[PDB]
Structures are given as C-alpha cells and as structure tokens.
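Residue-level listing of the chains:
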Amino acid sequence: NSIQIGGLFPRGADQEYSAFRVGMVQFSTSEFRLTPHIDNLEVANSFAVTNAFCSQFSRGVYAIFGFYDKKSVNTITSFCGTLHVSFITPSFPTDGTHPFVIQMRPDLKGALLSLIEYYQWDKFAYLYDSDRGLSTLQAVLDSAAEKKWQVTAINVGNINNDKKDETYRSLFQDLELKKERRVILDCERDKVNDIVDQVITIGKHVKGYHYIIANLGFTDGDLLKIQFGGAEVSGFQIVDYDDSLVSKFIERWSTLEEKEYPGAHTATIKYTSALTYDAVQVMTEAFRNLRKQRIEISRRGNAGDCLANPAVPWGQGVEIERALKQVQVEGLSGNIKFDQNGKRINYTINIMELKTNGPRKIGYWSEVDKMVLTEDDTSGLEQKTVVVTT
Amino acid sequence: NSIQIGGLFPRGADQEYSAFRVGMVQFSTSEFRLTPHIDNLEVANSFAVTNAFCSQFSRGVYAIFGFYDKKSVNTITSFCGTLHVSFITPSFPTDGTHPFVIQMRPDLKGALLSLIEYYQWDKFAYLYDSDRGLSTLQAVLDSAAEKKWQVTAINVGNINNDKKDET
C-alpha cells in the first residue's frame, strides 16, 4: 500500500534526513510502503513552508513529517488543527494543546527544575536563545519566585555571527558584575559550542564554575575540549548509547557511507536524527495498526486546495490522530507513550555529567519519580586534592 | 480613483472599525476613493486570516489594513515580505526589520526603561501577558542584569477566565 508521507525537511538537516532514510529501509514492510514527498526547503520562510504544505496537501498525504521554527510554530498548528491532517515533528515542544500535532521531543523543563533543586541553586545566570521558544524561560522564572531564586537571564541569540566574540567578552564581564559561577545555557549546539569557545577564551572553564547544557544532545557537544579545564558540566542525553537496541543501530550507523548518507559515518548521532528514526517506527506502527483495524483511509487528493472556503475536514484523518496517540512502543529514547495531545509521557531523561573520565550518568529523570540517582559511583576513584585556602 | 484597501478587522474591534469609518468620511477626497474589503474575522485562526489574506490578494489590493496576533505575527510578515504587498497595523510592534510592515503603535519600552530609572526601582514585580509578545519582558530583563535589579516576572495570562479570582 503506497501511503503518501510528508517530507518537510530543512536544508542542512541531512543527517536527520539520512537517519530518516535509515528508517525508510529498516521500518519498511510488504504490507504498505511509505511514499515520500521530500521538500528540502527553509523553515524560517513560513510562506515557503505553506507552499510546501499546500503542495503535499494537494497530493492528499495522510501524515506529514518535518521540523518547525518559532516562525512556524503558529503556522503549522493553525493548518493542522483546521485541515485535520496529522503532523509529526522532532522539534521544540508546543505549549498549547494542539490537535494533529505529534511531537517526538520530550519536555525538558521537568528534569531541569528537578536538577536545580538537586544542585540547590538559587543565585545563577541563564543564557538562552529565542529560537526554541521561551517557555523554558517561563518555567524557570515561575520557580524563581516560587523557590526564592536570583536569576540572571540574558538572551544571547540576538547578536549576529559577525562579531560574536567581542560582545561575548562583555557578556561574561557583565556576569562578573555579580561574579556568577552557575551558568545554565539554553542554545543550539552550534551556538553552545560558540559560548564554550568564549569560556575557553576567558578561562571560566576552570574549577569554581559550573555549567548546565539544556538540550538532549549533551553528548553531541564538544566535551573533550573542556573535559579537563576544571568546571563541572551537567547535561541530558535522551538516547542512552549503552543500550543494545541503540548500540546495534550505532553499529549499523557508522558503517554507512557518507557519500550516500551524510552524517551517518559517525561514532554518535544527534538526538534529532534519533527521534527522526524513532518517528518512522511510530508511522510504521500506525499503519500496521490501521491494517490490523482494517480502517480504510485510502483517498485521492480530496484534500486538494488549502484555500478552500470553508475547508471541509475528513474524519478518516481524525482517526489517524486517534491511532497515533494509542501507539505504545519503545524507541531509541526509551518508552514512547502519548497523552491525549500526542505529547510524550512515561519517558526517561538521563542526567549526564562531565567528569574526569568524560560524560557519565549519575541518574535518570522520570515524570512521576522525578529524580532517581544511580549508585554507579565506582568509589569515585579519587578525591581530587581538596583546595585548602589560607 | 477607486483604490482597493484592506479590511482585516477582528470581531469585536468595531470601535476601531467605527473610528476607521470616521476617517473614511473625514479623509476621503475627490482625487481618489478608498475601496474597502472588510473582513471581520478572527485573528487567532491564522489559517482564516490567510484565507482572508488571499481573498484580498485575489482582489489585487494595493495596501492592507488590519490587526495581527502573536499567532499571526510570523504569518503576515512572511506573506508581506515575499508577496511585496504593504501592510498597515496598529498592533504590538515587531522585533525584526520586516519589509512591507508599517506599524502605527510606537515602541513603549524606551519610555518604560526611562520610567524605572525615574522611580529608581530595583526590586519589583512584573506581571505580564503573552499576547502582545515578550520583547518588553526581554527589554526589562536586559536592564535587570545591567542595572542590578531584582525582577519578579510572572505570566498571568495563561490562567483561564473560569477561575481568575482564586488563583
């Protein structure tokens, strides 16, 4: 069964698109075949996204996969809530209960609010970027007044890439106006590695400072350049590489050709590529369930024009969303369970910390059991020569 | 000269639409006549705004007037920057330098940052709503670290109207 799927990939998301095509080979079946309409177009031009949206809406696709920006978070949810076409995304989570929006990336603020209580921080800075939204900023400001904190929040993403070394000197000099040791970065991993190189430029990676990287790709960032500087860096890795379900995929990952699959011949993988591979598992499990339920949705382009006034819904597409939220499968990021909004529940966020040996789990996060520490201390191996001032 | 204009008014903006029609009587001339295509539609459903947009774009209008939401701030600027049709709005100001976006409401943060220095405040709360954007929140948080302030920011708009007395 040739089933039309979505292909709204950004330009430069090819490692995610390679890991998409890995699932296109791995999760293919003789029951049904996914029919790509790949649209490698920019995500900021939401008009160009809309033309890429309405072109596949003219195809009569049954499920749409792709990313979205904060310039397009209000775009896609306005279309998919009205046109009743389900959408699958690994991008940053939404805040409103939107129908037909199935998001692969779990929430991060619940582990992070658990983590600040674990470090018992009250006076700390919070550098951030606007692009993934500001609900995480809204989350920490609510617990700022609630737990009586002293937060120094500065948006760092607005500075251009032309002079992002001169202003960032003055940024930490402004942080030395209160002499903060506790910086929680919230940026893209390219912008994270920029800020790390600024810390390397000024030497705040020494002992005394502490850092928290607020993304799921903690292993994706360069830790070797700041492994032995002195500061302690915490983070989160949603995909445990020690899992054999992950490790057999990693053994299949690096062996692939870079000329065929760019970004594949690597030791590790981005979590955005991993959830993309996990999204193909969900879409395969969906239409296997529609094959088991024997509910026919096989329409032509009856969707047609997106400018239909009024645009009529088609309830077979509503049943698609109903089957997506019923999918209870495992993944590379653990158990994938959904609410009535398609958002992930009963997942596990691994608290990772940079140590002398490198990145290392100290515990995992749960939605109910909030922080559970692991007892894998290996006697600590050292006591690191306690600094005695006098 | 009958010149097609925009009419993207929200439902319930009729006092603004009345004061629009006051200017339609007061600023009319025999040189040219403004040709309304009034679309009293909701501003949150940006899909419904888009159908109201493309209908006047099918008319071949020359300037478009109306409001926009934070659900439609990225909508209208993406259309007007690409389709090269000018847009006129009294709504909350944009942050990026967008072509074909003419905004009637002036900035407010410059007076407000002047005002906190006038009252010499450092420890203060800041209740706010998300709907007009959060750049004003971004403005006061930049001067919070710069002027060594103690800001208590709480988004109050997320609470529903059903129990907005108990919370």
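Residues numbered from 1 in each chain as written, not as in the entry; some residues may be left out. Chains lettered and ligands numbered in written order. Part of a larger assembly, values for the part shown. Heavy atoms only, no water.

- Its PDB header attributes the entry to cryo-EM and lists the resolution as 4.6 Å.

- As named in the PDB entry, chain B is Chimera of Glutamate receptor 2,Germ cell-specific gene 1-like protein, taken from Rattus norvegicus.

- The name that the PDB entry assigns to chain A is Chimera of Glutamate receptor 2,Germ cell-specific gene 1-like protein, with the source organism given as Rattus norvegicus.

## Details of the overall build of chain A
(1) Moving on: The helix and strand inventory of chain A stands at 10 helices and 16 strands.
(2) Moving on: The C-alpha atoms of chain A give a radius of gyration of 22 Å, which matches the 21 Å a tight globule of 390 residues would have.
(3) Moving on: Its C-alpha atoms give chain A principal-axis dimensions of roughly 80 × 45 × 45 Å.
(4) Moving on: Relative to all contacts within chain A whose residues are 6 or more apart in sequence, the contacts with residues 24 or more apart total 66%.
(5) Moving on: If you sum the accessible surface of chain A, you get close to 18400 Å²; carbon and sulfur atoms cover 47% of it.
(6) Moving on: Computed over 44 positive and 50 negative side-chain charges, the inter-centroid distance for chain A is 2 Å. (Helix = DSSP H or I, 4+ residues; strand = E, 2+ residues; numbered from the N terminus. Rg over C-alpha atoms; globule rule 2.2 N^0.38 Å. Contact = heavy atoms within 4.5 Å. Areas by Shrake-Rupley, 256 points an atom, 1.4 Å probe, with all protein chains shown as cover. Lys, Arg positive; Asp, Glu negative; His and termini not counted. Charge placed at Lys NZ, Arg CZ, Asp CG, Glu CD.)

## Description of the UniProt feature "disulfide bond" in chain A
All names here are of chain A.
(1) Moving on: Between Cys54 and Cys306, where UniProt records a disulfide, the sulfur-sulfur distance comes to 2.0 Å, consistent with the annotated bond. One end of the pair, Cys54, is in helix α2 (residues 46–59); the other, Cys306, is in the loop between α9 (271–293) and α10 (315–325), and 252 residues separate them in sequence.
(2) Moving on: On the basis of relative accessibility, which here comes to 8%, the residue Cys306 falls in the buried class. (Disulfide = S-S within 2.5 Å. UniProt positions renumbered as here; feature names shortened; annotations may be inferred. Buried < 20%, exposed > 50% of the residue type's maximum accessible area, 1.4 Å probe, protein only.)

## Let's talk about a nonpolar patch on the surface
(1) Moving on: Taken together, the side chains of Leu115, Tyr118, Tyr119 and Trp121 of chain B define a hydrophobic patch exposed on the protein surface, amounting to about 520 Å² of accessible area.
(2) Moving on: Among the secondary structure elements, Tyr119 of chain B is positioned in helix α4 (residues 109–119). (Patch = residues over 30% accessible without salt bridge, like charges linked within 9 Å, V, L, I, M, F, W, Y side chains within 5 Å. Salt bridge = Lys/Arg side-chain N within 4 Å of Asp/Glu carboxyl O.)

## What about a negative patch on the surface?
(1) Moving on: Together, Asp174 of chain A together with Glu117, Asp142 and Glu146 of chain B make up a negatively charged patch on the protein surface.
(2) Moving on: For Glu117 of chain B, a relative accessible area of 46% corresponds to the partly exposed category.

## Focus on the state of the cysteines
All names here are of chain A.
(1) Moving on: Throughout the structure, instances matching the rule amount to 1 disulfide over all chains.
(2) Moving on: Paired by a disulfide, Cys54 and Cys306 hold their sulfur atoms 2.0 Å apart. Judged by the torsion about the S-S bond (100°), the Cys54/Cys306 disulfide is right-handed.
(3) Moving on: When its relative accessible area of 10% is taken as the criterion, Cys54 is described as buried.
(4) Moving on: No disulfide involves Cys80; its nearest neighbouring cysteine sulfur is the one of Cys54, lying 11 Å away.
(5) Moving on: We classify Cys80 as buried; its relative accessible area is 0%.

## Here we look at the interface of chain B and chain A
(1) Moving on: Of the residues lining the interface, 24 residues belong to chain B; the matching set on chain A comes to 26 residues.
(2) Moving on: With both chains or domains summed, chain B and chain A bury close to 2200 Å², and 57% of this area falls on carbon and sulfur atoms.
(3) Moving on: The interface formed by chain B and chain A includes 0 salt bridges.
(4) Moving on: The tally of links between chain B and chain A comes to 9 residue pairs in polar contact.
(5) Moving on: Those elements that place two or more of their residues in the side of chain B that touches chain A are α2 (46–59), α3 (73–83), α5 (135–146) and β7 (150–155) of chain B. (Buried area = accessible area lost by both parts, 1.4 Å probe. Polar contact = N/O pair within 3.5 Å; in protein donor to acceptor, adjacent residues only side chain to side chain.)

## Here we look at the packing of aromatic side chains
Residue and element names in this part refer to chain A.
(1) Moving on: Applying the stated criterion to the full structure yields 34 aromatic pairs over all chains.
(2) Moving on: Where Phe9 meets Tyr17, the ring centres are 5.0 Å apart and the plane angle is 70°; that geometry is what we call edge-to-face.
(3) Moving on: Assessed through its relative accessible area of 18%, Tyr17 is described here as buried.
(4) Moving on: Seen in terms of ring centroids, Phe53 and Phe57 are 6.1 Å apart; in terms of plane orientation they differ by 15°. Their pairing is stacked. With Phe53 and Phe57 both in helix α2, this residue pair falls 4 residues apart, about one helical turn. When sorted by exposure, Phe53 lands in the same class as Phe57, which is buried. (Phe/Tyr/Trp six-rings, centres within 6.5 Å; stacked < 30°, edge-to-face > 60°.)

## Brief notes about the environment of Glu257 of chain A
Residues and elements named next belong to chain A.
(1) Moving on: For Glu257, the location among the structural elements is in the loop between α8 (244–254) and α9.
(2) Moving on: By relative accessible area, which is 46% here, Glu257 ends up partly exposed.
(3) Moving on: For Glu257 and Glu117, which are 140 residues apart along the polypeptide, the C-alpha to C-alpha distance reads 44 Å.

## What about the environment of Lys259 of chain A?
Residues and elements named next belong to chain A.
(1) Moving on: Examined against the element boundaries, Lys259 turns out to sit in the loop between α8 and α9.
(2) Moving on: With a relative accessible area of 75%, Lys259 lands in the exposed category.
(3) Moving on: Expressed as a C-alpha distance, the spacing of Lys259 and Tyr119, which sit 140 residues apart in the sequence, is 45 Å.

## Re α2 of chain A
(1) Moving on: For α2 of chain A, which comprises 14 residues, the first-to-last C-alpha distance of 19 Å matches the rise-based estimate of 20 Å (1.5 Å per residue) to within 8%.
(2) Moving on: Of all 14 residues making up α2 of chain A, 10 are buried, and the element is well covered by its neighbours.
(3) Moving on: Burial in α2 of chain A covers these residues: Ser46, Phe47, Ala48, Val49, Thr50, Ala52, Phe53, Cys54, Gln56 and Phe57 of chain A.
(4) Moving on: Packed against the buried residues of α2 of chain A are β3 (64–65) and α3 (73–83) of chain A together with α3 of chain B.
(5) Moving on: Once α2 of chain A ends, the next one or two residues include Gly60 of chain A, with phi positive near 80°. (Expected span 1.5 Å × (residues − 1).)

## What to know about the pairing of strand β15 (residues 359–366) of chain A
If a strand is regular, its side chains alternate between the two faces of the sheet.
All names here are of chain A.
(1) Moving on: In terms of strand pairing, strand β14 (residues 348–354) meets β15 through 7 bridges, oriented antiparallel. Counterpart to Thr348 in the pairing with β15 is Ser366.
(2) Moving on: With antiparallel pairing between neighbouring strands as the criterion, β14 and β15 make up a hairpin whose turn holds 4 residues, including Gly358 at a positive phi of roughly 125°.
(3) Moving on: Taken together, the 3 bridges between β15 and strand β16 (residues 371–373) define a ladder with antiparallel strand orientation. Note that in β16 the partner of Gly363 across the bridge is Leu373.
(4) Moving on: What sits between the antiparallel neighbours β15 and β16 is a turn of 4 residues. (Pairing = 2+ DSSP bridges.)

## Side note on the sheet that holds strand β11 (residues 329–331) of chain A
Strand pairing in a sheet relies on backbone hydrogen bonds, with the paired strands running either antiparallel or parallel.
Residues and elements named next belong to chain A.
(1) Moving on: Spatially, β11-β12-β13 is the arrangement adopted by the 3 strands of the open sheet, whose pairing is antiparallel. The outermost strands of the open sheet, each flanked by one partner alone, are β11 and β13 (344–345).
(2) Moving on: As paired strands, β11 and strand β12 (residues 334–338) are joined by 3 bridges and run antiparallel to one another. Within β12, the residue paired with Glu330 across the bridge is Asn335.
(3) Moving on: Of the strands in this sheet, β11, β12 and β13 are in contact with α9, which crosses β11 at around 160°. (Axes fitted to C-alpha atoms, helices over the stretch in contact; angles between N-to-C directions.)

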